[PDB]
Novice: 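Take a look at the following structure, please.
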Protein chains: 2
Amino acid sequence: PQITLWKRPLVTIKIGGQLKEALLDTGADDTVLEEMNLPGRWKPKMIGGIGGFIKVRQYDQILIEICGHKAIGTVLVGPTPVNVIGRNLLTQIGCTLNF
Amino acid sequence: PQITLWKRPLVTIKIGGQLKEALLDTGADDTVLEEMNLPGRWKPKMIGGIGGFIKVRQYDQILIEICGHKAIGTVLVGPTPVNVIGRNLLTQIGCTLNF
Ligand SMILES: CC(C)CN(C[C@@H](O)[C@H](Cc1ccccc1)NC(=O)O[C@H]1CO[C@H]2OCC[C@H]21)S(=O)(=O)c1ccc(CO)cc1
């Protein structure tokens, strides 16, 4: 599809057997999802943006379906106000910016 | 152009007659630039990011050229970690997401 940017580019994702809403975010290097109790090992990470840093849990090789497009990669879990799909997964679904 | 996302979508912008580098950021509603001098009236505002809220100077109706494409709109200036071009200006240059 083609998504215009008049409104936030929110899409439905499937991760860990749950459906959620997330931003297709070209400004995020990596994917960050709202707190959720995922099984498996993780490592702590600090990620920074406007307002400072938050502590997150880095899970590797997580399967995520984004608008019916499957991807697998790093997913950071923490107290983010928004689910954001970052470039590490956007590249996997064939997403480009165009103007 | 069509921009892939294996690297950060960084582009050169012109604002206040000066060249800078900025990130095309579909996850940003607004455009936020690092501390700089800009002419004209500004009003204090607050904006929230992943890590909390920051004080910014809001400049309205500012000319800004993004990768050769002209826009006129609101630019927020403050202690952002990165110059981000947000949806208020991405829409003006006709930017869409595609996959
Ligand atoms: C700043 C940028 C370089 C990096 N960020 C992505 C941005 O898209 C961020 C997304 C966002 C955060 C919080 C609420 C809504 C959207 N948008 C944002 O701050 O937008 C500001 C300006 O416009 C307003 O609209 C929405 C908020 C206001 S990040 O989240 O900090 C981040 C940092 C490290 C990683 C791991 O690599 C992943 C993500």
Side-chain angles (χ1 to χ4, degrees), chain A residues 3 5-11 13 15 20-36 42-60 62 64 66 71 73-92 95 97, chain B residues 3 5-11 13 20-35 44-60 62 64 66 71 73-92 95 97:
Chain A
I3 295 171
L5 295 170
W6 297 116
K7 72 203 289 198
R8 291 191 179 203
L10 294 165
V11 303
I13 68 178
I15 179 180
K20 307 187 168 246
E21 296 297 287
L23 293 179
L24 301 180
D25 188 354
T26 62
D29 288 354
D30 286 297
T31 293
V32 194
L33 299 178
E34 299 184 31
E35 180 53 54
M36 64 182 308
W42 54 274
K43 60 170 101 156
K45 192 175 182 65
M46 287 271 275
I47 59 169
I50 289 167
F53 289 75
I54 61 166
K55 197 192 192 172
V56 301
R57 308 195 299 285
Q58 169 183 336
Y59 298 84
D60 302 323
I62 303 297
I64 300 205
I66 302 152
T74 296
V75 168
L76 312 175
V77 178
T80 177
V82 175
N83 296 314
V84 311
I85 306 302
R87 288 191 295 101
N88 74 308
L89 301 185
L90 295 172
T91 56
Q92 295 187 29
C95 189
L97 282 173
Chain B
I3 302 177
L5 301 171
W6 310 98
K7 29 201 300 194
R8 295 178 170 151
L10 290 165
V11 300
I13 62 165
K20 294 171 159 283
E21 196 169 70
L23 181 70
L24 301 179
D25 188 352
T26 56
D29 305 341
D30 310 314
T31 293
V32 192
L33 304 183
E34 302 164 324
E35 164 60 13
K45 287 281 194 174
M46 304 288 300
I47 63 168
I50 202 168
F53 285 70
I54 62 171
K55 290 170 158 153
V56 295
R57 285 146 48 209
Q58 178 175 323
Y59 296 81
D60 286 333
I62 294 293
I64 180 170
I66 302 159
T74 300
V75 174
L76 309 178
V77 178
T80 176
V82 165
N83 295 327
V84 295
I85 306 305
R87 288 187 300 99
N88 68 312
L89 304 188
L90 297 174
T91 54
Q92 298 199 12
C95 189
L97 286 167

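Both backbone and side-chain heavy atoms feed into the values below; hydrogens, waters and symmetry mates do not. Indexing begins at 1, ligand by ligand and atom by atom, following the structure's order. First the proteins, then the strands, lettered A, B, ... as listed; each starts at 1.
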Novice: Students should be able to answer this: which protein heavy-atom is nearest to atom 24 (C) of ligand 1, and at what distance?
Specialist: B/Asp29 N, 3.5 Å

Novice: Output, in order, the C-alpha distance, side-chain angles, deciding distance and verdict of side chain to side chain contact (heavy atoms under 4.5 Å, CB included) for A/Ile54 and A/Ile47.
Specialist: CA-CA 6 Å; A/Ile54 61 166; A/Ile47 59 169; 3.8 Å; yes

Novice: Heavy atom under 4.0 Å from ligand 1: found in A/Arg87's side chain, backbone, both, or neither?
Specialist: neither

Novice: Nearest non-hydrogen contact with atom 29 (S) of ligand 1 belongs to which option: A/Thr80, A/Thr31, B/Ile50, A/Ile47?
Specialist: B/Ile50

Novice: Show which atoms of ligand 1 fall inside a sub-4.0 Å distance from at least one heavy-atom site of B/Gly48.
Specialist: 21 (C), 27 (C), 28 (C)

Novice: Out of curiosity, A/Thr74 OG1 to A/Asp30 CG, how far, rounded to the nearest 0.5 Å?
Specialist: 6.0 Å

Novice: Show the atoms of ligand 1 that are less than 4.0 angstrom away from any heavy atom in A/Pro81.
Specialist: 13 (C), 14 (C)

Novice: Flag the pair A/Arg57 / A/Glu35 as yes when at least one side-chain heavy-atom distance between them is below 4.5 Å, and no otherwise.
Specialist: yes

Novice: Out of all atoms in ligand 1, which are within 4.0 Å of some heavy atom of A/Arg8? Include the element for each.
Specialist: 15 (C), 26 (C)

Novice: I want to check something: taking the side chain as every heavy atom from C-beta on, are A/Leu24 and A/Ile66 in contact at a cut-off of under 4.5 Å?
Specialist: yes

Novice: So which protein heavy atom does atom 39 (C) of ligand 1 come closest to, and at what separation?
Specialist: A/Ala28 CB, 3.5 Å

Novice: Which of the numbered atoms in ligand 1 are under 4.0 angstrom from any heavy atom belonging to A/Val32?
Specialist: 38 (C)

Novice: If we set the cut-off at 4.0 Å for heavy atoms, which region of A/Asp30 has an atom near ligand 1: side chain, backbone, both, or neither?
Specialist: both

Novice: Say you draw a straight line from CG of B/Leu23 to CD1 of B/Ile13; how long is it, rounded to the nearest 0.5 Å?
Specialist: 11.0 Å

Novice: What part of A/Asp25 sits under 4.0 Å from ligand 1 if we count only heavy atoms: the side chain, the backbone, both or neither?
Specialist: side chain

Novice: With heavy-atom distances below 4.5 Å as the criterion, would you say the side chains of B/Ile3 and A/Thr26 are in contact?
Specialist: no

Novice: Identify, for atom 11 (C) of ligand 1, the protein heavy atom at the shortest distance, and state residue, atom and that distance.
Specialist: B/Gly27 O, 3.9 Å

Novice: How long is the gap from CZ on B/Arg87 to CZ on A/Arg8, to the nearest 0.5 Å?
Specialist: 6.5 Å

Novice: Heavy-atom contacts with A/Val82 under 4.0 Å: which atoms of ligand 1 show up? List them by number with element.
Specialist: 14 (C), 15 (C)

